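Peer 1: Please see the structure below; I have some questions.
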Amino acid sequence: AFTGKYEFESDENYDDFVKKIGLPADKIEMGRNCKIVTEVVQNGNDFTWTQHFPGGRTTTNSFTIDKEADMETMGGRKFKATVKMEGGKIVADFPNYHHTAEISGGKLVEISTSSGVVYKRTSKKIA
Ligand SMILES: C[C@H](CCC(=O)NCC(=O)O)[C@H]1CC[C@H]2[C@@H]3[C@H](O)C[C@@H]4C[C@H](O)CC[C@]4(C)[C@H]3CC[C@]12C
Ligand SMILES: C[C@H](CCC(=O)NCC(=O)O)[C@H]1CC[C@H]2[C@@H]3[C@H](O)C[C@@H]4C[C@H](O)CC[C@]4(C)[C@H]3CC[C@]12C
């Protein structure tokens, strides 16, 4: 049940993650505790990851499972990566960064490991 809109519900190791990745304070407090909306559309194996920022810049990155996708972050990073699925879980491969998206009881939880820190973000499914 990836298709749908997701809104910030909970998170774990936020500060730890940002402190490790070396995220600037200006962006950290800017992108924290904010209602990020992730709109997902089911297109075969191509899942659209749309990140909406309240009163700020938006980011939209679509990816096809087992296909290289063009991605961009909110910090202004242009890059590409390959995304695959492991048992209904969307996993992306990155250098010292591991992102996995899955559904836990009707909730979307993205796990991002970086430099040892495991960042989790639970988003509820709404329409
Ligand atoms: C919200 C800010 C961008 C704020 C912004 O640019 N506002 C308008 C402006 O000042 O131009 C973005 C930039 C870096 C983004 C973070 C980085 O991408 C790291 C990490 C990425 C995860 O997908 C979401 C959480 C997390 C931690 C992001 C939260 C949102 C951040 C902090
Ligand atoms: C790993 C980067 C964040 C790297 C970082 O440190 N950013 C800080 C900054 O914004 O400067 C995040 C931001 C965009 C995220 C990708 C986009 O959300 C698109 C896609 C979403 C899927 O749920 C997971 C794979 C995939 C491809 C995500 C993997 C993790 C990415 C690529």
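Residues are referred to by chain and number: the chain letter is A, B, ... according to the order shown in the structure tokens, the number counts from 1 in that chain, and ligands are numbered separately from 1 in the order shown.
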So which bits of chain A end up helix (DSSP H, G or I) when you DSSP the backbone, as a PyMOL selection string?
Peer 2: chain A and resi 14-21+25-28
Peer 1: Name the residues of stretch 5-109 of chain A that come out as strand (DSSP E or B) in a backbone DSSP run; write them as a PyMOL selection string.
Peer 2: chain A and resi 5-12+37-40+42-43+46-52+59-64+67-72+78-85+90-94+97-103+107-109
Peer 1: Counting only C-alpha atoms and all ligand atoms, give me one row per residue of chain A with an atom at most 9 Å from an atom of ligand 1, showing the shortest contact pair and its distance in Å to one decimal, sorted by chain then residue number, as a tab-separated table.
Peer 2:
```
residue	atom	partner	partner_atom_place_in_ligand_line	distance
A:14	CA	ligand 1	27 (C)	6.8
A:15	CA	ligand 1	27 (C)	8.3
A:17	CA	ligand 1	27 (C)	7.2
A:18	CA	ligand 1	27 (C)	5.8
A:21	CA	ligand 1	19 (C)	7.6
A:23	CA	ligand 1	14 (C)	6.8
A:24	CA	ligand 1	32 (C)	7.9
A:25	CA	ligand 1	32 (C)	8.5
A:26	CA	ligand 1	4 (C)	7.8
A:27	CA	ligand 1	32 (C)	4.3
A:28	CA	ligand 1	32 (C)	4.6
A:29	CA	ligand 1	32 (C)	7.2
A:30	CA	ligand 1	1 (C)	5.1
A:31	CA	ligand 1	1 (C)	3.3
A:32	CA	ligand 1	29 (C)	6.5
A:34	CA	ligand 1	1 (C)	8.4
A:36	CA	ligand 1	30 (C)	8.8
A:51	CA	ligand 1	23 (O)	8.5
A:53	CA	ligand 1	1 (C)	7.0
A:55	CA	ligand 1	8 (C)	7.9
A:56	CA	ligand 1	8 (C)	4.7
A:57	CA	ligand 1	8 (C)	5.3
A:58	CA	ligand 1	6 (O)	8.8
A:72	CA	ligand 1	18 (O)	8.8
A:73	CA	ligand 1	18 (O)	5.1
A:74	CA	ligand 1	13 (C)	4.1
A:75	CA	ligand 1	13 (C)	3.6
A:76	CA	ligand 1	13 (C)	7.2
A:77	CA	ligand 1	18 (O)	8.7
A:99	CA	ligand 1	23 (O)	8.7
A:110	CA	ligand 1	23 (O)	8.4
A:112	CA	ligand 1	22 (C)	7.7
A:119	CA	ligand 1	25 (C)	8.4
A:121	CA	ligand 1	24 (C)	8.1
```
Peer 1: Mind giving me the straight-line distance from atom CA of residue A:16 to atom CA of residue A:114 in Å, one decimal?
Peer 2: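 We find that atom CA of residue A:16 and atom CA of residue A:114 lie 9.9 Å from each other.
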Peer 1: Write out as a VMD selection string which residues come within 12 Å of residue A:96 when counting only C-alpha atoms, dropping same-chain ones fewer than 2 positions away.
Peer 2: chain A and resid 20 to 21 92 to 94 98 to 99 112 to 118
Peer 1: Take the residues just selected and output them with N, CA, C and O atoms as a CSV table (one decimal), in the first residue's frame.
Peer 2:
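In the end it all went to part.csv:
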```csv
chain,number,residue,atom,x,y,z
A,20,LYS,N,25.4,13.6,12.1
A,20,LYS,CA,26.4,12.8,11.5
A,20,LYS,C,26.6,13.1,10.0
A,20,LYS,O,27.7,13.2,9.5
A,21,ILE,N,25.5,13.3,9.3
A,21,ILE,CA,25.6,13.7,7.9
A,21,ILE,C,26.1,15.1,7.7
A,21,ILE,O,26.4,15.5,6.6
A,92,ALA,N,17.1,1.5,-1.4
A,92,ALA,CA,18.0,2.3,-2.3
A,92,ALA,C,19.4,2.1,-1.9
A,92,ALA,O,19.7,2.1,-0.6
A,93,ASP,N,20.3,2.0,-2.8
A,93,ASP,CA,21.8,1.8,-2.5
A,93,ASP,C,22.5,3.1,-2.6
A,93,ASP,O,22.5,3.7,-3.7
A,94,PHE,N,23.2,3.5,-1.6
A,94,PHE,CA,24.0,4.8,-1.6
A,94,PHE,C,25.2,4.6,-0.7
A,94,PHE,O,25.3,3.7,0.1
A,98,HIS,N,21.9,4.1,3.5
A,98,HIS,CA,21.0,3.0,3.2
A,98,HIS,C,19.6,3.4,3.5
A,98,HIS,O,19.2,3.6,4.6
A,99,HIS,N,18.8,3.5,2.4
A,99,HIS,CA,17.4,4.0,2.6
A,99,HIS,C,16.4,2.8,2.3
A,99,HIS,O,16.5,2.3,1.2
A,112,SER,N,16.8,5.3,7.1
A,112,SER,CA,18.0,5.8,6.5
A,112,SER,C,19.3,5.6,7.3
A,112,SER,O,19.4,6.3,8.4
A,113,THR,N,20.1,4.7,7.0
A,113,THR,CA,21.3,4.5,7.8
A,113,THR,C,22.5,5.3,7.1
A,113,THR,O,22.7,5.3,5.9
A,114,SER,N,23.2,6.0,8.0
A,114,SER,CA,24.3,6.8,7.5
A,114,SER,C,25.4,7.0,8.6
A,114,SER,O,25.1,7.5,9.6
A,115,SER,N,26.6,6.5,8.3
A,115,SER,CA,27.7,6.6,9.2
A,115,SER,C,27.4,5.9,10.5
A,115,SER,O,28.0,6.2,11.5
A,116,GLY,N,26.5,5.0,10.5
A,116,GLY,CA,26.1,4.2,11.7
A,116,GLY,C,24.8,4.6,12.3
A,116,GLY,O,24.1,3.8,12.9
A,117,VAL,N,24.4,5.8,12.1
A,117,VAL,CA,23.1,6.3,12.6
A,117,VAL,C,21.9,5.8,11.7
A,117,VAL,O,21.9,6.0,10.5
A,118,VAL,N,20.9,5.2,12.4
A,118,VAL,CA,19.7,4.8,11.7
A,118,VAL,C,18.6,5.7,11.9
A,118,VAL,O,18.0,5.9,13.0
```
Peer 1: I need the residue nearest residue A:88 from this list: A:123, A:104, A:50, A:13. Use only C-alpha atoms for the distance.
Peer 2: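 Closest to residue A:88 of all the choices is A:104.
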Peer 1: Select, from A:33, A:43, A:10, A:60, the residue with the minimum atom-to-atom distance to ligand 2, counting only C-alpha atoms and all ligand atoms.
Peer 2: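 Under the stated criterion, the closest residue is A:60.
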